[PDB]
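Shown here is one chain on its own, the form deposited in one PDB entry, set out as structure tokens.
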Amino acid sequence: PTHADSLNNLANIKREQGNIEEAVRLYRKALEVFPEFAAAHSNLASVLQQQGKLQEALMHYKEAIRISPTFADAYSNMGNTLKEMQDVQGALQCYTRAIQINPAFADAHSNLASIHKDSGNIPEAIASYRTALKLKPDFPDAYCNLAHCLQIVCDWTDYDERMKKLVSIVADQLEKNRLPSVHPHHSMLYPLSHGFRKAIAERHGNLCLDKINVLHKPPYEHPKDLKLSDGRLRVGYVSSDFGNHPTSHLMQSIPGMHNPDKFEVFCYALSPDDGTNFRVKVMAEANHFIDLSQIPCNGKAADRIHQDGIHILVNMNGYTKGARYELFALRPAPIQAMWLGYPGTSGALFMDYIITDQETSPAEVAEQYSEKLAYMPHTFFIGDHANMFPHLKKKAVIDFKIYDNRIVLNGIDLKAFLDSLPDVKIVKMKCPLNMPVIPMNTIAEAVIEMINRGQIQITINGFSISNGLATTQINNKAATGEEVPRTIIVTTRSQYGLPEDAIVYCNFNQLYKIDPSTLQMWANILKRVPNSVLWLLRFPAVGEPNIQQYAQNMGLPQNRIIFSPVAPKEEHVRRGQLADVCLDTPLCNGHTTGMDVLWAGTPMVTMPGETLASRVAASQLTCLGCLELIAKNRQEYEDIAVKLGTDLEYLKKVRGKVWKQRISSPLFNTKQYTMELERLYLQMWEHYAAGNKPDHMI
């Protein structure tokens, strides 16, 4: 039992050090010496859980509890194991049982909070995180996870203090080689240094290198020419997001546009098949598609990649839901690049390049990243909008009393419907081509009637005319962006309770991207522009009273902020046509959301910051060729925004420019983007065929 205790204690330190294999052997020696050692079973279980041996872990947790039925820590850790196996009901039964045994057990309250948050119950997660912090006031994980909950709902109580405390917690954990409590993915939201953001990511890279050392992989041997591959670069795209995920909504066309004379495309899915057209398309069009979700061991999965012969392995996840950086730590290919999925540095030495651009990541901030900058010539950002929403390439309007954004029609067959109608007026557009106007006739009245009654659709002259609010009832695959709508769709400001006679500023991001500064700039803009409203989403809904209160306190009258629900994907893109201007979030820009609003022809005002995440919208707008929409400070952001809301001719000009340039510019041109990505990939390959080290590409 004390032979046993020293084996157990050594093992605990071996684990803390990251010598996971060593820790396992010692816990087993501990149980060899002393079978009924509840703590040794529970500790062996925790390290088996870390290794992904979830059924073996569960078995040792239950042993721990059989030996000691009041071992609340075993139940708490078992609960985390069941949560990783997706058994949320089992996870709750264990957490709640741990809190029933010891109501003062802070870790259990924190684990429970975390499952409330994941379930979309932010108010209970907040309550449980605060219980945890009441029981254990020095609890970085609970404090930082709580700061993230409060961010999500725009709770800004003691914001400046909270911000200082996050920084000092991270400093303190960085000192003492502890895994920081701020997740790499959240680190852009807080006033940390670039070293702190890089340092946070560096340490999640480190923890992958520890997990794979149990496997004992010899360094893989990497092809040094294209002889085995018939003169083709073998490019492997690794993603958890091949399915209905933003990433697929950006890049699903890229695999099948690769030049097969020079490239051979491998898609490695880390997720199982969700049944969506997004997965179907990438499986159909990639030269090779591999479901690594069927190959859970990372050793055998990185093997599966080395025997494909990959030259460039592309990491589209970053520290996200379902990433397997273990695959990239084992370096199964000679060039490993960060692309598109994660808006930050991996902080890992085992990633060579980050595919970015000069506006997103200027050279002066190259040490903000662990990777070498690999510049795309325009933006690194891409969108599949031209393929997913071609019905938004053109629009028509109904003249209710001429506005481009009160009552809007969009459809593949819109030209044929318009031509069925008597007296349609064409307005030549103020672009650097034309907008059909339907006058207020019997036809026009029938459409507005269908909107007012909440009616799903009508028929005019044989054409299907759909209510834009009812797309999931007419064609659920059109609502998700999986199919192109086959009816003419009607979109109106009345459907969203927006004013027919005022400027609509929009921002369709999750609310966490808003901070006190940003909402103060927005309130400033609304006060300068009487009439005007700010159009936000219930993302989530429990964020709305906070926003509305802090805006009431900034002297902004009631009824100047209008909230809409989160919509299906194509409604969200289509309904951006109803806004005048999009006010981008400077803390963390719209990324996918920025592409969505530009596709609708809606100008976006942005203020690029330090972080990659704060500069993506300014990169999109530079590629689009709209430099007048990029602000160098907050006064300029407000002045640009107020000008677009008052100078109506300037508004018409700027909108006309976005409308034309979404087609003319490279921003939405997936073929051009794939060709530039191919040039940049052959540069990466040359530089290493000639046996040089990764370096900056400009």
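We number the residues from 1 along the sequence you see.
The form solved in complex with a partner chain exists for this protein as well; it is not shown, and the discussion that follows is about that form.
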{"item": "Non-hydrogen atom within 4.5 Å of the partner chain in the deposited complex for each of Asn43, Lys83 and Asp118", "value": "yes"}
{"item": "Among 660 to 668, 626 to 634, 641 to 649, 35 to 43, the region lying within 4.5 Å of the partner chain in the deposited complex by heavy atom distance", "value": "35 to 43"}
{"item": "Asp308: touches the partner chain in the deposited complex, heavy atom cutoff 4.5 angstroms", "value": "no"}
{"item": "The partner chain contact in the deposited complex: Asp107, any heavy atom under 4.5 Å", "value": "yes"}
{"item": "Touches the partner chain in the deposited complex: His222 (any heavy atom, 4.5 Å)", "value": "no"}
{"item": "The partner chain contact in the deposited complex: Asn111, any heavy atom under 4.5 Å", "value": "yes"}
{"item": "Option touching the partner chain, based on a heavy atom within 4.5 Å in the deposited complex, out of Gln336, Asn77, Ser466, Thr611", "value": "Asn77"}
{"item": "Contact assignment for the partner chain in the deposited complex, among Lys321, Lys393, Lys300, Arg130, heavy atom within 4.5 Å", "value": "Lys321"}
